[PDB]
Every structure is written in C-alpha cells, then in structure tokens.
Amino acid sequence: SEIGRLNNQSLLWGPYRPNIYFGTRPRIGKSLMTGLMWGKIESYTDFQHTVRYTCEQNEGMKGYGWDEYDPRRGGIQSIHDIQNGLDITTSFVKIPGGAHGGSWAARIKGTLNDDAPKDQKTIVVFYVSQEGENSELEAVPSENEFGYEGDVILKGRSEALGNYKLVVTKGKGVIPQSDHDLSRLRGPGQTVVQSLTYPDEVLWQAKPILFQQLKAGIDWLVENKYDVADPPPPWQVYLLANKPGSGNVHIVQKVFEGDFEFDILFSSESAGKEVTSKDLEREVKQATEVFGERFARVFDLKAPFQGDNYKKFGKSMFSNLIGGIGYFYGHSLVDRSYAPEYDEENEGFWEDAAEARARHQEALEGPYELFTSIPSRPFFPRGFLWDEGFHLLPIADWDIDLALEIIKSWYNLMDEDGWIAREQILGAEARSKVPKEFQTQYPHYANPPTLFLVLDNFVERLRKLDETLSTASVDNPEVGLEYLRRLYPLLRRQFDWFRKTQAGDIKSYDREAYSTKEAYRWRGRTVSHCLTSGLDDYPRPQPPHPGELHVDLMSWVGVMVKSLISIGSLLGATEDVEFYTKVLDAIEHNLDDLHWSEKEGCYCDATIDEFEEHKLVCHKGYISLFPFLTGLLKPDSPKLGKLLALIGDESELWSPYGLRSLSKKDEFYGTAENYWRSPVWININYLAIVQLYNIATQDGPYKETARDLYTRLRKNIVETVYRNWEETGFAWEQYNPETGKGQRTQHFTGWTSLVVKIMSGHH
C-alpha cells in the first residue's frame, strides 16, 4: 500500500499530452491541463496557417522529440520547425513535496534559425484549462492598464490539487511596440491574458477557443473603424485585448521579435516553498545528470555499438519511447450488441458481420482512464494493446515500477468477460484524431497478449528516492508478489476469454490431433485482412472460413499459458498449474498436428477445403516462424533447425537489413498495400533476435548456427535503424528490405525503439 502511494505521488504530474507538442496534465480525469502554441505572423492572414499545437509530420517540420526523459524527473524536448523558422526547446522538471503530487516547472526557449528574418514576430500562447465542479482558477489582474509588464500569476484550487499557483514569467526577448492609434486602447504591445468559461467538456478544444477570441478581437477593430486605409500591424491585430479574471480557461499570450524564452512555474501550496526559475534551472541540470548515469547502467551498449554515435542514437530512441507516455481519460465507443453474426460461424461470415455493423448499435461508455506509452505522437497517439507489450520491454529495464503501473492501468480496462479493446480511444480529444468509422471497438476482437512478455521479464527479475521507487517491486519481493497476486485473476480471465471467444474448430471436420481442445482462429477477419492479429495484411487462407486455424494465435495462447504456470507457481495456485500444464502439453502437440508442414519445412495456418478437409496454407514469413518467435520450441528440436534454415535463407526472409515479413518467394510478396507482405518490422525482428540469443547461449545442435544468425541479425537491425535515424532524424514504422530505407510512418517510437535493448544485449 505504501509503495503504491509513493508511486502515485511520484508519477501524478507529467507532460502527459503526447498528442500535442507541449502540454501538461496530472493523472486525474477532470483537472488542470496546459498547452503551448506558437506561430510566426508575417501577414493579416497567415497565423491561422502557421500556428502549431497538435503534433503532425510534413515538409514544414524538420523533426522533434525528447532528447532525455524520465516521467519521474522530467526531460528536455527539442522542436525543429521549418515553417516557423524556429528551433524550440521545452524543458520540464518535477519537484516533489506536499500532499498533491508535488510541483513542476517548464522553460520554453525559441531561437530563430539562420533562414528566418531576424526581426520575425512570433506569437506564443500558453493555454490553461481546468475541469471540475467545485474548483476555481483566477488570473491576478495586472497593475498596468493594457496587460502585463512582468509575470502573470494564476491562483487556483481543486479537491485533487488543493491550492496552487501557476506563473508564466515575463521572459526574455524583444517585445514589438506599435505606434498606431490602436495602442491608445490596446496598449503598444505587452503580455495579455483572457479568462473565460466554457462547459467543461469542450475545454480541450484550445485552437478553436483561441481563434474565437482572436476573431472577436478583429470584429471589434472592424466595428471601431480600424480599416485598410490605416491598418494596425498584423501582430497587433492578433494580440488579444487583456481581460483577466476568473474562469475555467486562461489564455496567456506574448508576442516576441527575434529569440525568446519564458518559464512556467507550478507551485503546489501544500509543498510550502514556491518554485522559482532558479529552482527550474537547478532541477533541469540535476535531471540530466541522473538520466546520464541511469542510461549508462541500464542500457550499456555492447560491441559493435559502444561508440558515442550509437549512445546518442540509443538515448534518442529510448527518450522518444518513454517520453510518449500519456494519460488519457473519457468515454470509449463500443458495440455491445454481441450480434450473433459476430460469432462468425458460417462461410462468408464477413458479409454477415458487416450487416451487423451496419445496424450501428455502438454507444459511448465509461468513462475510462489509461496511462500508457504510444506508437506515434503525430499519427497514433493512444494505447494499442499488443504494441504496449513491446513498448514496455525497454521501459521495464529503465523503471520496472513504472512498467508495472502501465500494465495495471491496461488491465483495469478489462470487462467482466476478459476483453480489453485493442485500441483505446478515450474521450472527445482522443476521438478528434480518429475517423468515426474506425472508432468503434468490438468485444470479440482480440490482439496479441504481448503484455505477458513484460510480466515474464518481471517474474525472472523477481526470481533472481526516485532511484528507490523505480525498483521497489523487485527489491521488496512481497511487494512484487502482491502485485502478481492482484493481477493474476485478470490474467486468468483473459486466458479464459481467448479460449471462449477465439476457439477454432477441430470436431466439426475430418481433423485428427493429439488434443480435441487446442485450436484457435482470430475473429474479425475480412477477405484481405486480419487486423486483430496485428499483422494487418499478412496473407491468410482464402477465402476466410470458420474452419481456419491461425498458428500465431495458438502460439500466443502458448505464451500466456507459460506465464500463468510461472505466476500460478509463485502464488501456490497448485490446481491452476496442473490445468495449465495439460494445456501447454496439448498446444505443444497440436502445433505439430495442426500446423506443421513437413513438405514446406515450416508452420502454416490451416483451413478447410472445398471438400471439407483440413488443408495447410503456407506463406513463408513471420507467421511461419511463430512457435520459434514465442519461445515454444525445444533447443534441439529438428523443427527449430528447419526454421533456422528459413530465417537465414537470403532467397526467402534474410535481407541485409533484417528479416522480411514475407518471403521473396511467396506469391503475395510486395502485393496490394504491401504492409506486412515484405517490409522489415522491428518488433518481430526483436523476437527473433531474443530467441536466437537463447539458442546461442545453451548447449545444443544449433548453438553455433544461432550464434552466427544472432550476431548478424542484431547488427543488421541496429545498423538499419541507426543509418535511417542519422539520415532523417526519425524512427520509422518499417524498413525496405531492398533499399534499407525507412518507410511508412515517422516518429514510430513505437516498437522501433526496441533497438536500444537489442544494442544492450545480454538477454
């Protein structure tokens, strides 16, 4: 209980809004949130097009991301904006104290790049909102008549936060001054504040809210005879009239000419000592020192990646991944019809499922919360169930207690049946990024249970102030065991849920196998996809068929059952462990009986013929490797040897840049959207690397073969990701096996960051 409380206090605040360039919120659904906007203004109409707020990636943005980050301490983010001619640094640091999750500060620094006009005007906005019934927030009025010559002080209070103050400092930089007549009524140019109220549920809509106020300011000009015969300067037309007061929205606006900086200082009243800019600077220097030391210990990069260039690469890949952590809160859109068409029992089921979807029975439910890392700030800034299992592998190395906290957050979503939606779109803010047709979640749709892999690592570590907190759950075995005790029933529920909802059919068909129970089919396939498997367009049996069996899914059930054996054992769940043991024995056999192709020398998904007979459908690629990737095969298995042959075969899967998702020899190589039909994906490559390492470091007939393949694939993968990062500044979603180029989405950190752990080695 005590470690839980300390963890809660430690993690409460952060820049937990990775969907935007920079903002903060605590891990509380309805509370205080901040966000930064900026944009150059060169004309009367450009600012609407230049202003930055939500993360994107296009020609106008060179790059951005965290140079260092630890959610307990803070970090530094750098932003390279071509359109606005600005290199920005946002430094964020947390200062523990008091009873309400402590205090924090940020420094915003903007430096014009070499190309920008030296006298560029940049508008900067700090937007502050607070949601909640019995909470207050008020901007202390200025002494000056038109705005603020110095700091802006917000004083607020809530049940969650107690009393606090939020200061936006005067800052450094030239403030442009207008000699226009308007300055008699609006002042010559100064910091301004507007305090406003809207219904709580729309406060997230900062850009429209800001622009509504800018437009009202412009309508006032038109009405008051400021016109094109003698127009005020653009930056003055777009400077809000000062009107501070009480409200649930506060817009703090500054205009700078040239380079600029200012601070944001959040002081929790219960902590006593109010935060200063000198504290900010001290705490930032200290967090950097601590980050450096921890990285060198946790991610000790091995040959041939010991050099400084690979260290900087690793720090960037890691910091972007952990820096992607967000807190999300709100309702989710779910189809709770459980329409019988979703059972997918007939041939042509995808048409029936489409029919049921077309009834649009889905509705909002919750509210829910989630604390999670994300695949991608600009494109996918929300929780994805199987991606998180990969995200947490490096995060757990860094801070096991944080990883366990995220696992716990995810499992807190699980419904009475054992279902967790594979994509977590929580609240209107999260929905704004997602086309409506893709928001609805389906209680029959699974996703790989990769979060079990993180639990496996934790279990292994358990068997063998911010410093203390990060490892408390391993350093105190009783703490770790109690965590497992509480989570175990939900893990079991999910296991049971997979067997209930994703069962395949042995008995209806001419199908002979060691066990009549162990067989699995992903629900939710369409003619060209199986999105729930995670390998969206990997070739599957055609047509889809209720008699399909998917070897990757059976393999995942294998993973779960092994974790449940280890955790059950730890908890003395004697009866459960007997049941799991029988299940694992059955899967080990059924993998062979239902999915092994002797002819092809690999595993295959299966289907049922036009003649109602079992048929293997082999498409050599990631799926073919699954029992190996998931660690299910014995080290001396002859099947494992044939799988190693395939892995190392340059004419099949082995490219100079990593393992191809699909064989060059497959009929579907490079076809259609070509998403999982050739490109190199880091998450699956990582699993291969780990399993090769396992074989390489044990006595057996394939030790040497595995050692060679491990060494080479490690090097190929790291170097591909490194070269692209050096050249483009990005982690990419996947890599071209012909050219080695990064392709598909950028800022994929994201499981591409698994590269840091591959470099550290020593699995």
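Rigid core (definition): largest C-alpha set, two forms, superposition within 1.5 Å. One rule holds for the numbers: they count along the sequence shown, beginning at 1.
Taken in 9 other deposited structures of this protein and fitted on the core, 270-278 and 417-425 differ in how far their Cα atoms move from the shown form, and the one that moves more is 270-278. The stretch of deposited sequence separating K464 from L465 contains 10 or more residues lacking coordinates in this entry. Relative to one another, 465-473 and 69-77 have unequal mean CA B-factors, and 465-473 is the one with the higher figure.
Across the two stretches, 196-204 and 565-573, the PDB entry reports the greater mean Cα temperature factor for 565-573. For the set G427, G162, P234, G171, the maximum C-alpha B-factor listed in the entry falls on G162. Reading the B-factor column for the CA atoms of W38, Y722, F47, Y702 in the entry, the top value corresponds to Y702. When the modelled residues of the chain are ordered by C-alpha B-factor, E673 sits in the middle third. The deposited CA B-factor of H614 belongs to the highest third of values across its chain. Per the deposited record, the Cα B-factor of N694 falls in the highest third when ranked against the other modelled residues of its chain. Residue-level temperature factors show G110 in the lowest third of its chain, judged at the C-alpha atom.
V718: CA B factor lies in the lowest third for its chain, per the PDB record.
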